[PDB]
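Since every read-out is calculated from the coordinates, none of them should be taken as a lab result. Because the Cβ atoms are built from the backbone with ideal geometry, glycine has one as well, and the counts that use them run over all protein chains shown.
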Amino acid sequence: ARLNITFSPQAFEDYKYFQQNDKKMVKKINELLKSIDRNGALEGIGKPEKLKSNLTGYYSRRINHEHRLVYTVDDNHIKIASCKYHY
Amino acid sequence: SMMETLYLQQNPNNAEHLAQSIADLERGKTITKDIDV
């Protein structure tokens with residue numbers, strides 16, 4: 001499916017980094033996006049978690065061992081805060 | 001239930017990235033694209 005996805009500026013820069021350097025990472029992120037759209041914020045692949053503390057309102061799924069997709073969904077529209085760990 | 005939140009917060013640089021990026025989403029500083037999945 002074609003999904004309309006909103007990114008934070010920093011998440012978009014990181015997504016572009018993966019497009020340019022790690023296509024397998026892009027494929028995984030896109031599979032997570034597919035699952036969020038098909039099954040909702042909390043259901044499907046990547047061990048979805050409702051975040052707490054001052055991350056409340058957002059969710060995490062595991063892209064790989066270190067990177068998390070941090071996102072929320074409003075009226076079926078996916079918003080990405082992060083797709084790459086900022087060390 | 002808290003481990004993943006703490007993982008994201010444990011490095012202050014990642015915490016700052018998330019705080020700024022959440023603010024950007026909530027304040028309308030965003031980039032939207034069509035992605036085929």
Problem set entry | Pairwise label distance in nanometres, residue B:29 with residue B:3, each label 7 Å out on the Cα-Cβ vector | 3.4
Problem set entry | Alpha-carbon centroid distance for the pair chain B / the range A:1-74, whole angstrom | 10
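Per residue of A:10-17, how many C-beta atoms from partner chains lie within 10 Å of its own C-beta, taken as a mean? Don't jump to the answer; show the numbers that get you there.
Details: counts 5, 7, 6, 1, 2, 3, 1, 0.
What the average comes to for A:10-17 is 3.
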For this session: Give the longest segment of chain A that steers clear of GluC sites (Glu not before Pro) in DSSP loops with at most 16 neighbouring Cβ atoms within 10 Å, not counting the sites themselves.
Result: A:1-42
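Quote the FRET efficiency, to the nearest 0.05, computed for residue B:36 versus residue A:41 with a Förster distance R0 of 22 Å and r equal to the Cβ-Cβ distance.
Details: r = 21 Å, r/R0 = 0.96.
For residue B:36 and residue A:41, the calculated efficiency is 0.55.
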For this session: Compute the label zone of residue A:30 within the range A:1-23: residues whose backbone N is under 20 Å from the point 7 Å along Cα-to-Cβ.
Result: A:1-8, A:11-23
Problem set entry | Distance between modelled label sites at residue A:1 and residue B:10, nm, 7 Å Cα→Cβ extension | 3.5
For this session: Extending each Cα 7 Å along its Cβ direction at residue A:73 and residue A:13, get the distance between those two points in nm, one decimal.
Result: 2.9
